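Here the structure comes first, spelled out in structure tokens, and everything after it is commentary.
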Amino acid sequence: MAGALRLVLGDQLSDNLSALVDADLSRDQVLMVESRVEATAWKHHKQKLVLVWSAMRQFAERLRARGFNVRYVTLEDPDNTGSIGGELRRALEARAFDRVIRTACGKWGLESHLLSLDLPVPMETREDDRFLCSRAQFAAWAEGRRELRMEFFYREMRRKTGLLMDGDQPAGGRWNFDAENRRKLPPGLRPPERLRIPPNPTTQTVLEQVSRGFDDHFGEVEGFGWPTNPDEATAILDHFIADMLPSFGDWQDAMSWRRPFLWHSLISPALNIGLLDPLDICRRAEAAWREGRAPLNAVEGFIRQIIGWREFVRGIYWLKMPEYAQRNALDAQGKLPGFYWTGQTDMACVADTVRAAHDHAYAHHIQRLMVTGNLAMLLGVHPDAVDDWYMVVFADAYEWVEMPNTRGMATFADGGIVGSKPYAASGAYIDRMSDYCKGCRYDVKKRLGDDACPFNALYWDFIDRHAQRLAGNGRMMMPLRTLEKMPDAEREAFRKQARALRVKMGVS
Ligand SMILES: Cc1cc2nc3c(=O)[nH]c(=O)nc-3n(C[C@H](O)[C@H](O)[C@H](O)COP(=O)(O)OP(=O)(O)OC[C@H]3O[C@@H](n4cnc5c(N)ncnc54)[C@H](O)[C@@H]3O)c2cc1C
Ligand SMILES: Cc1nc2c(=O)[nH]c(=O)nc-2n(C[C@H](O)[C@H](O)[C@H](O)CO)c1C
Ligand code: SF4
């Protein structure tokens, strides 16, 4: 009789959100809050603040155009209590409501808090059915499995969604086309220019507000080019499918100095706040293969990242929280080096990754994994400090997707739940996959001395340190044998080198 209060959070900017689907436009009200609690829980990159608040403001206008009564509480409002819970209470004092309806969110701590709120009306929490696997479906799949392997989850999602299925068989006769012959770019191949979205008038307004009011947050705002509404996001997606997808598979793991985008889709910051739909993106990519515009290996590689990795890490997060966020399997206790924030390091690969984070709030997957993620793991940085960095510096970072990729896949702080084996690597890997080392001050062919690439001694120290644990893992057989044949003097030398580096870098 009085209507429902419907909450929409900053990463829920979708017409099809479960909290909106059955609204009574004549009686109901939508609440959206620009919340300083959420904006300072981590000190997010300036560009992430611009993206979320610009997109929120535009989504509110789209709802109003459709006939919704929207209560929009801006960051400038002098009565704004600052928190989601406080603003819910205040909305419930302003007029009569029958219930609150909301969609379960993407942060365990906020979800736990909202479920415990004492409110004068009932609250109904609906699952976020924008994702392709529900929380209960992942738990059912995971029951009774001694280890959770993404590849077997991926096969189930292929069958459930029907993507790249010809009848009951996978297209092409294999599930996966992952190649092992990944290489760096040929010396003459210049990566293509990428479409960036110039700030529209709403985004320009938010840009000025963030510059003036959050000047202490990490990162540059100049040159902001992320999409902030479904039209802008669709343009980015069209550009990727038409222009980039045919080469997606060839260069998925390559790195190139000062070319942070390469052939990646650049859609995660829009997808993670709801401006694009995961099933629609995948259908678009499948159609490009079916109609002869992209090869199957590229399209399968792309889809696997969305219905395989993205749904899998979300499943692990809700299955294992809150204990997951407390695990520190390798007892890492070091500090994060200051160059993660300033970029002021002679390691050319690290400096470039930090530069991309500062200027664009983006780096692609192998850079996050094998450069700054691997380095943090080898240094022994406390996982809390690594999660903080990955949450701050990237525009696509939300806890449900950051934490299993960071505490799990990149640093092995979860002891192998997400990724099975540590992704440890020496400089030889970065040299094989990038053009960084020819321009670097350090010599990637050396392990000891002031000119040695720091990854090389750090890698062997890490293997040495954890040799008993990594033994019986199964997938570390080759490094452990190599270490085993090393005379004690060789091992003592790289131990003392690794110790020196941790001091030089401010870790210990
Ligand atoms: C340490 C570390 C931290 C990460 N933190 C985040 C994060 O906070 N947010 C985030 O969205 N991704 C995160 N990733 C995953 C991946 O790096 C990003 O999704 C990707 O770089 C986004 O670029 P893109 O849109 O150009 O992706 P593409 O290379 O074009 O891939 C297509 C899509 O696949 C999905 N995807 C690919 N890899 C993953 C993955 N491992 N997990 C989840 N989705 C994936 C994304 O939706 C992405 O848009 C992290 C990976 C690592 C190693
Ligand atoms: C920066 C930021 N700001 C807001 C905000 O002002 N209002 C809001 O409702 N949500 C915001 N968010 C997203 C949440 O803090 C959180 O990460 C997601 O809702 C996870 O579900 C973020 C990340
Ligand atoms: S030599 Fe070492 S530090 Fe320098 S770019 Fe190569 S991997 Fe990075």
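Mind the numbering: the sequence shown is residues 1 to 508 in the entry's author numbering, read in order.
Quick reminder that beta carbons are idealized off the backbone N, C-alpha and C, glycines included.
Closer than 7 Å to some heavy atom of ligand 3: that does not describe the Cβ of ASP450. DSSP places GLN29 inside the beta strand (DSSP E), whose first and last residues are 29-33.
Cβ-Cβ separation between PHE412 and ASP461: approximately 15 Å, too far for a contact (criterion under 8 Å). DSSP places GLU402 in the helix class (H, G or I) of the three-state scheme.
Rounded to the nearest whole angstrom, the C-alpha separation of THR353 and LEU237 is 24 Å. Note: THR125 is bridge-paired with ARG102 in the DSSP secondary-structure output. In the structure shown, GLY416 falls within a coil segment according to DSSP collapsed to helix, strand and coil.
Membership of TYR72 in the beta strand (DSSP E) is indicated by the continuous run 70-73. A Cβ-Cβ distance of about 20 Å is found for the pair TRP226 and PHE248, leaving them out of contact under the 8 Å criterion.
Judged by beta-carbon spacing, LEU296 lies within the 8 Å limit of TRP289, meaning their Cβ atoms are closer than that value. Taking the Cα of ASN272 as reference, the smallest distance to any Cα among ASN229, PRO192, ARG99 is reached at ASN229. When the Cα atoms are used, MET157 and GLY308 turn out to be separated by approximately 7 Å.
In this structure, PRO199 has its beta carbon at no less than 7 Å from each heavy atom of ligand 3. Around the beta-carbon of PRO201, fewer than 16 other beta-carbon atoms lie within 10 Å, marking it exposed. Each of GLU399, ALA39, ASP24, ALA140 was checked against the Cα of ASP98, and the nearest Cα belongs to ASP24. The three-state secondary structure of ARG174, taken from DSSP, is coil.
Within the same chain, Cβ atoms closer than 6 Å to the Cβ of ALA2 are found at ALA96, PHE97, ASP98, the five residues on either side in sequence being excluded.
Inter-segment contact for the segment 80-95 and the segment 24-40 is present: three or more beta-carbon pairs are separated by less than 8 Å. Remark: the C-beta of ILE84 is in contact range of ligand 2, defined as less than 7 Å to any heavy atom. For the 8 Å CB-CB criterion, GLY274 and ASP11 form a contact. Ligand 2 has a heavy atom closer than 7 Å to the beta-carbon of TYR398. Judged by DSSP in its simplified three-state form, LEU13 adopts coil rather than helix or strand. Per the Cβ contact rule, the segment 38-49 is in contact with the segment 386-399 (3 or more Cβ pairs under 8 Å).
Burial state of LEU189 is exposed, judged by a 10 Å Cβ sphere holding fewer than 16 other Cβ atoms.
Distances from the CB of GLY343 to the heavy atoms of ligand 3 are all 7 Å or more.
Note on geometry: alpha-carbon atoms of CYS105 and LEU483 lie some 46 Å from one another.
For the pair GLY223 and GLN468, the Cα-to-Cα distance works out to about 49 Å. Under the three-pair Cβ rule at 8 Å, the segment 142-161 does not count as touching the segment 113-130. Distance from the C-beta of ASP359 to the nearest heavy atom of ligand 3 is not below 7 Å. Within its own chain, the residues whose Cβ lies closer than 7 Å to the Cβ of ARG491, once the five positions on either side in sequence are excluded, are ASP464, listed in chain order.
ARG194 sits in coil when the DSSP states are folded into three classes, being neither helix nor strand. A straight-line Cα-Cα distance of about 8 Å links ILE430 and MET370. Counting of Cβ neighbours within 10 angstroms places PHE59 among the buried residues, the total reaching 16 or more. Residue nearest to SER26 within the set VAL70, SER265, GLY408 is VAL70 (criterion: CA-CA distance). Proximity of the beta carbon of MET347 to ligand 3 is indicated: a heavy atom of the ligand is located closer than 7 Å.
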